Every structure is written in C-alpha cells, then in structure tokens.
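K.L.:
Please read through the structure below; I'll follow up with questions.
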Amino acid sequence: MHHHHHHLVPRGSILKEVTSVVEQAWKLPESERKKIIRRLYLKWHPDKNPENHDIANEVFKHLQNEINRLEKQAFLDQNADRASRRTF
C-alpha cells in the first residue's frame with residue numbers, strides 16, 4: 001500500500017452504479033437473476049430514453065459487456081471440455 005494518485009471522475013456517477021446493481025443480481029439463481037438484467041437493459045435503453053441517445057448508448061456498452069463477461073465466467077468452469085463445441 002502506497003497511495004499516490006488515482007484517476008476517478010465519472011460524468012455523474014452512472015458507471016459505479018451499474019457495477020453495483022450488476023454484482024447484486026449475480027447472487028440469485030436464474031429466475032430473478034436475469035430479471036434484474038432485463039430491468040436495466042430496458043431502463044437504460046436509448047429508444048426508451050426521452051433525449052439520451054448517446055448518454056444511453058454509453059452506459060449500454062458497459063452493461064452489455066458486463067453481462068456476457070460474468071455470464072460466461074459464471075457458467076463455464078470445469079466441464080470436461082473448454083467451450084470447444086464439436087456438434088453444430
């Protein structure tokens with residue numbers, strides 16, 4: 001531990017909020033689990049936003065990658081193969 005300097009200045013605390021709600025939804029089995037992603041996926045939608053086309057698309061970019069990122073690691077772990085797939 002040294003602590004010298006760090007860069008952390010969001011536009012309005014929009015990213016840090018998504019990182020919390022996303023981790024909280026990763027505790028439920030699946031029913032209510034995915035239910036949380038559907039709320040933020042629609043709530044933070046550009047088409048739903050009144051006048052936030054870019055502001056919405058921005059948060060969406062971080063949310064989209066935040067899902068598959070955990071959805072893949074929180075599912076594919078020790079299962080004979082390694083997501084190779086040979087059936088098609």
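In the structure tokens, the first chain shown is A, the next is B, and so on; residue numbers restart at 1 for each chain, and ligands run from 1 in the order shown.
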Might you pull out every residue within 10 Å of residue 60 in chain A, with only C-alpha atoms counted and same-chain residues fewer than 6 positions away left off, and present them as a PyMOL selection string?

P.N.:
chain A and resi 18+40-42+44-46+54+66

K.L.:
Go ahead and save the picked residues with N, CA and C atoms, as a PDB file, in the first residue's frame.

P.N.:
```pdb
ATOM      1  N   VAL A  18     -23.883   0.981 -12.035  1.00  0.00           N
ATOM      2  CA  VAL A  18     -24.134  -0.227 -12.812  1.00  0.00           C
ATOM      3  C   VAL A  18     -23.286  -1.392 -12.307  1.00  0.00           C
ATOM      4  N   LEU A  40     -32.539  -3.219 -16.182  1.00  0.00           N
ATOM      5  CA  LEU A  40     -31.517  -2.249 -16.561  1.00  0.00           C
ATOM      6  C   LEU A  40     -31.338  -2.209 -18.075  1.00  0.00           C
ATOM      7  N   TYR A  41     -31.554  -3.349 -18.723  1.00  0.00           N
ATOM      8  CA  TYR A  41     -31.414  -3.445 -20.171  1.00  0.00           C
ATOM      9  C   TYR A  41     -32.480  -2.614 -20.880  1.00  0.00           C
ATOM     10  N   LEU A  42     -33.642  -2.487 -20.248  1.00  0.00           N
ATOM     11  CA  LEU A  42     -34.742  -1.718 -20.820  1.00  0.00           C
ATOM     12  C   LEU A  42     -34.775  -0.302 -20.252  1.00  0.00           C
ATOM     13  N   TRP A  44     -32.249   1.465 -19.195  1.00  0.00           N
ATOM     14  CA  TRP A  44     -31.149   2.233 -19.768  1.00  0.00           C
ATOM     15  C   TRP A  44     -31.102   2.071 -21.284  1.00  0.00           C
ATOM     16  N   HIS A  45     -32.275   1.957 -21.900  1.00  0.00           N
ATOM     17  CA  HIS A  45     -32.365   1.798 -23.346  1.00  0.00           C
ATOM     18  C   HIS A  45     -32.438   3.158 -24.039  1.00  0.00           C
ATOM     19  N   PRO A  46     -31.760   3.306 -25.192  1.00  0.00           N
ATOM     20  CA  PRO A  46     -31.757   4.564 -25.947  1.00  0.00           C
ATOM     21  C   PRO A  46     -33.126   4.888 -26.535  1.00  0.00           C
ATOM     22  N   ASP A  54     -26.921   9.225 -26.906  1.00  0.00           N
ATOM     23  CA  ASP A  54     -25.521   8.902 -26.648  1.00  0.00           C
ATOM     24  C   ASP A  54     -25.308   8.540 -25.181  1.00  0.00           C
ATOM     25  N   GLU A  66     -20.635  -6.191 -19.587  1.00  0.00           N
ATOM     26  CA  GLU A  66     -20.637  -6.572 -18.178  1.00  0.00           C
ATOM     27  C   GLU A  66     -21.432  -7.857 -17.949  1.00  0.00           C
TER      28      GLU A  66
END
```

K.L.:
Could you give me, as JSON lines, every range 12-44 of chain A residue with an atom at most 12 Å from range 67-78 of chain A, plus its closest atom pair and distance in Å to one decimal, counting only C-alpha atoms, rows ordered by chain then number?

P.N.:
```
{"residue": "A:18", "atom": "CA", "partner": "A:67", "partner_atom": "CA", "distance": 10.9}
{"residue": "A:19", "atom": "CA", "partner": "A:67", "partner_atom": "CA", "distance": 10.6}
{"residue": "A:21", "atom": "CA", "partner": "A:67", "partner_atom": "CA", "distance": 11.5}
{"residue": "A:22", "atom": "CA", "partner": "A:67", "partner_atom": "CA", "distance": 7.9}
{"residue": "A:23", "atom": "CA", "partner": "A:70", "partner_atom": "CA", "distance": 9.2}
{"residue": "A:25", "atom": "CA", "partner": "A:67", "partner_atom": "CA", "distance": 10.4}
{"residue": "A:26", "atom": "CA", "partner": "A:70", "partner_atom": "CA", "distance": 8.4}
{"residue": "A:27", "atom": "CA", "partner": "A:74", "partner_atom": "CA", "distance": 10.8}
{"residue": "A:29", "atom": "CA", "partner": "A:74", "partner_atom": "CA", "distance": 11.4}
{"residue": "A:30", "atom": "CA", "partner": "A:71", "partner_atom": "CA", "distance": 10.9}
{"residue": "A:33", "atom": "CA", "partner": "A:71", "partner_atom": "CA", "distance": 10.9}
{"residue": "A:34", "atom": "CA", "partner": "A:67", "partner_atom": "CA", "distance": 9.8}
{"residue": "A:36", "atom": "CA", "partner": "A:67", "partner_atom": "CA", "distance": 11.1}
{"residue": "A:37", "atom": "CA", "partner": "A:67", "partner_atom": "CA", "distance": 8.0}
{"residue": "A:38", "atom": "CA", "partner": "A:67", "partner_atom": "CA", "distance": 11.0}
{"residue": "A:40", "atom": "CA", "partner": "A:67", "partner_atom": "CA", "distance": 11.1}
{"residue": "A:41", "atom": "CA", "partner": "A:67", "partner_atom": "CA", "distance": 10.2}
```

K.L.:
Could you give me, as a ChimeraX atom specification, each residue of chain A that DSSP assigns to alpha helix (DSSP H) when run on this structure's backbone?

P.N.:
/A:15-24,31-43,53-73

K.L.:
To one decimal place, how far is CA of residue 55 in chain A from CA of residue 8 in chain A in Å?

P.N.:
18.5 Å

K.L.:
Mind giving me the straight-line distance from CA of residue 48 in chain A to CA of residue 15 in chain A in Å, one decimal?

P.N.:
18.8 Å

K.L.:
Restricting the calculation to only C-alpha atoms, which member of A:65, A:53, A:58, A:79 is positioned closest to residue 14 in chain A?

P.N.:
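Distance minimum relative to residue 14 in chain A lands on A:58.
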
K.L.:
So how far away is CA of residue 63 in chain A from CA of residue 28 in chain A, in Å?

P.N.:
18.0 Å
